[PDB]
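Trainee: I am attaching a structure below and will ask some questions about it afterwards.
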Amino acid sequence: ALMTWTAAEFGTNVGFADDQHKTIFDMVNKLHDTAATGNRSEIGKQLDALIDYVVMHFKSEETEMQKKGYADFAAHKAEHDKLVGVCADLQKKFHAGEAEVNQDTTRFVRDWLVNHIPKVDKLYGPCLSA
Ligand SMILES: [Fe+2]
Ligand SMILES: [Fe+2]
């Protein structure tokens with residue numbers, strides 16, 4: 001629902017990355033649907049699953065970038081690390097009962113992804129596909 005992956009918009013020419021992006025999009029979509037309900041326990045389970053996967057995806061990209069000497073690795077990692085800090089803060093507040101997760105939360109994640117993948121991830125394609 002919320003997100004649709006296509007190669008034209010988001011293809012990196014890096015198979016593992018494209019596959020992990022498609023999983024992220026599916027997990028955002030699930031959270032997005034659940035976030036229109038009051039099922040707070042289900043929201044939390046899906047939130048935590050999504051964030052765990054996103055962090056793992058970032059680690060996967062970072063390991064490959066740094067092992068190959070990719071030119072823009074440190075700046076790219078910095079973008080990841082700011083998102084992880086926002087996500088961790090959201091988890092802390094959500095799991096304390098101090099903030100809610102709603103469809104603005106999933107639209108923010110969508111916004112971040114739809115900018116980051118074409119403008120930041122695509123740039124590693126020549127290096128990581130070589
Ligand atoms: Fe990515
Ligand atoms: Fe990335």
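By convention in this document, the chains of the structure tokens carry letters A, B, ... by their order, each chain's residues are numbered from 1, and ligands are numbered from 1 in the order they are shown.
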Enumerate as a list in words the residues within 7 Å of ligand 1, counting only C-alpha atoms and all ligand atoms.
Mentor: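 These are the residues that qualify: residues 17, 21, 57, 58, 61, 117 and 121 of chain A.
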Trainee: What's around residue A:38 at 12 Å? Count only C-alpha atoms, leave out sequence neighbours fewer than 5 positions away in its own chain, and write the answer as number ranges by chain.
Mentor: A: 33, 43-44, 100-103
Trainee: Quick check, in Å to one decimal: how far apart do atom CA of residue A:26 and atom CA of residue A:68 lie?
Mentor: 29.0 Å
Trainee: Enumerate, in order of chain and increasing residue number, the residues of chain A with an atom no farther than 12 Å from ligand 2, each with its shortest atom pair and distance in Å to one decimal, counting only C-alpha atoms and all ligand atoms, as JSON lines.
Mentor:
{"residue": "A:10", "atom": "CA", "partner": "ligand 2", "partner_atom_place_in_ligand_line": "1 (Fe)", "distance": 11.6}
{"residue": "A:12", "atom": "CA", "partner": "ligand 2", "partner_atom_place_in_ligand_line": "1 (Fe)", "distance": 10.4}
{"residue": "A:14", "atom": "CA", "partner": "ligand 2", "partner_atom_place_in_ligand_line": "1 (Fe)", "distance": 11.8}
{"residue": "A:17", "atom": "CA", "partner": "ligand 2", "partner_atom_place_in_ligand_line": "1 (Fe)", "distance": 8.7}
{"residue": "A:18", "atom": "CA", "partner": "ligand 2", "partner_atom_place_in_ligand_line": "1 (Fe)", "distance": 10.9}
{"residue": "A:20", "atom": "CA", "partner": "ligand 2", "partner_atom_place_in_ligand_line": "1 (Fe)", "distance": 10.7}
{"residue": "A:21", "atom": "CA", "partner": "ligand 2", "partner_atom_place_in_ligand_line": "1 (Fe)", "distance": 9.6}
{"residue": "A:54", "atom": "CA", "partner": "ligand 2", "partner_atom_place_in_ligand_line": "1 (Fe)", "distance": 9.7}
{"residue": "A:55", "atom": "CA", "partner": "ligand 2", "partner_atom_place_in_ligand_line": "1 (Fe)", "distance": 10.3}
{"residue": "A:56", "atom": "CA", "partner": "ligand 2", "partner_atom_place_in_ligand_line": "1 (Fe)", "distance": 11.1}
{"residue": "A:57", "atom": "CA", "partner": "ligand 2", "partner_atom_place_in_ligand_line": "1 (Fe)", "distance": 8.0}
{"residue": "A:58", "atom": "CA", "partner": "ligand 2", "partner_atom_place_in_ligand_line": "1 (Fe)", "distance": 6.0}
{"residue": "A:59", "atom": "CA", "partner": "ligand 2", "partner_atom_place_in_ligand_line": "1 (Fe)", "distance": 9.2}
{"residue": "A:60", "atom": "CA", "partner": "ligand 2", "partner_atom_place_in_ligand_line": "1 (Fe)", "distance": 9.2}
{"residue": "A:61", "atom": "CA", "partner": "ligand 2", "partner_atom_place_in_ligand_line": "1 (Fe)", "distance": 6.3}
{"residue": "A:62", "atom": "CA", "partner": "ligand 2", "partner_atom_place_in_ligand_line": "1 (Fe)", "distance": 7.8}
{"residue": "A:63", "atom": "CA", "partner": "ligand 2", "partner_atom_place_in_ligand_line": "1 (Fe)", "distance": 11.2}
{"residue": "A:64", "atom": "CA", "partner": "ligand 2", "partner_atom_place_in_ligand_line": "1 (Fe)", "distance": 11.0}
{"residue": "A:65", "atom": "CA", "partner": "ligand 2", "partner_atom_place_in_ligand_line": "1 (Fe)", "distance": 9.8}
{"residue": "A:72", "atom": "CA", "partner": "ligand 2", "partner_atom_place_in_ligand_line": "1 (Fe)", "distance": 10.9}
{"residue": "A:73", "atom": "CA", "partner": "ligand 2", "partner_atom_place_in_ligand_line": "1 (Fe)", "distance": 9.5}
{"residue": "A:74", "atom": "CA", "partner": "ligand 2", "partner_atom_place_in_ligand_line": "1 (Fe)", "distance": 11.1}
{"residue": "A:75", "atom": "CA", "partner": "ligand 2", "partner_atom_place_in_ligand_line": "1 (Fe)", "distance": 10.1}
{"residue": "A:76", "atom": "CA", "partner": "ligand 2", "partner_atom_place_in_ligand_line": "1 (Fe)", "distance": 6.3}
{"residue": "A:77", "atom": "CA", "partner": "ligand 2", "partner_atom_place_in_ligand_line": "1 (Fe)", "distance": 7.3}
{"residue": "A:78", "atom": "CA", "partner": "ligand 2", "partner_atom_place_in_ligand_line": "1 (Fe)", "distance": 9.6}
{"residue": "A:79", "atom": "CA", "partner": "ligand 2", "partner_atom_place_in_ligand_line": "1 (Fe)", "distance": 7.6}
{"residue": "A:80", "atom": "CA", "partner": "ligand 2", "partner_atom_place_in_ligand_line": "1 (Fe)", "distance": 6.3}
{"residue": "A:81", "atom": "CA", "partner": "ligand 2", "partner_atom_place_in_ligand_line": "1 (Fe)", "distance": 10.0}
{"residue": "A:82", "atom": "CA", "partner": "ligand 2", "partner_atom_place_in_ligand_line": "1 (Fe)", "distance": 11.5}
{"residue": "A:83", "atom": "CA", "partner": "ligand 2", "partner_atom_place_in_ligand_line": "1 (Fe)", "distance": 10.3}
{"residue": "A:84", "atom": "CA", "partner": "ligand 2", "partner_atom_place_in_ligand_line": "1 (Fe)", "distance": 11.5}
{"residue": "A:112", "atom": "CA", "partner": "ligand 2", "partner_atom_place_in_ligand_line": "1 (Fe)", "distance": 10.4}
{"residue": "A:113", "atom": "CA", "partner": "ligand 2", "partner_atom_place_in_ligand_line": "1 (Fe)", "distance": 8.7}
{"residue": "A:114", "atom": "CA", "partner": "ligand 2", "partner_atom_place_in_ligand_line": "1 (Fe)", "distance": 11.1}
{"residue": "A:115", "atom": "CA", "partner": "ligand 2", "partner_atom_place_in_ligand_line": "1 (Fe)", "distance": 10.3}
{"residue": "A:116", "atom": "CA", "partner": "ligand 2", "partner_atom_place_in_ligand_line": "1 (Fe)", "distance": 6.5}
{"residue": "A:117", "atom": "CA", "partner": "ligand 2", "partner_atom_place_in_ligand_line": "1 (Fe)", "distance": 6.5}
{"residue": "A:118", "atom": "CA", "partner": "ligand 2", "partner_atom_place_in_ligand_line": "1 (Fe)", "distance": 9.6}
{"residue": "A:119", "atom": "CA", "partner": "ligand 2", "partner_atom_place_in_ligand_line": "1 (Fe)", "distance": 9.4}
{"residue": "A:120", "atom": "CA", "partner": "ligand 2", "partner_atom_place_in_ligand_line": "1 (Fe)", "distance": 6.2}
{"residue": "A:121", "atom": "CA", "partner": "ligand 2", "partner_atom_place_in_ligand_line": "1 (Fe)", "distance": 4.9}
{"residue": "A:122", "atom": "CA", "partner": "ligand 2", "partner_atom_place_in_ligand_line": "1 (Fe)", "distance": 8.6}
{"residue": "A:123", "atom": "CA", "partner": "ligand 2", "partner_atom_place_in_ligand_line": "1 (Fe)", "distance": 9.6}
{"residue": "A:124", "atom": "CA", "partner": "ligand 2", "partner_atom_place_in_ligand_line": "1 (Fe)", "distance": 8.9}
{"residue": "A:125", "atom": "CA", "partner": "ligand 2", "partner_atom_place_in_ligand_line": "1 (Fe)", "distance": 11.2}
Trainee: Please return, as a PyMOL selection string, all residues of chain A that DSSP assigns to helix (DSSP H, G or I) on the basis of the backbone.
Mentor: chain A and resi 7-10+15-34+40-67+73-95+103-129
Trainee: Please provide as a ChimeraX atom specification all residues within 12 Å of residue A:45, with the sequence filter that same-chain residues fewer than 4 positions apart are discarded (counting only C-alpha atoms).
Mentor: /A:27,30-31,34-35,39-41,49-52,91,94-95,101
Trainee: Distance atom CA of residue A:92-atom CA of residue A:25, one decimal place?
Mentor: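 Those two atoms sit 22.8 Å apart.
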Trainee: Pick out the closest residue to residue A:107 from this set: A:86, A:2, A:8, A:47. Count only C-alpha atoms.
Mentor: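 Ranking A:86, A:2, A:8, A:47 by distance to residue A:107, first place goes to A:2.
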Trainee: Could you jot down the atom CA of residue A:5 to atom CA of residue A:22 separation for me, Å, one decimal place?
Mentor: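 Straight-line distance from atom CA of residue A:5 to atom CA of residue A:22 works out to 6.4 Å.
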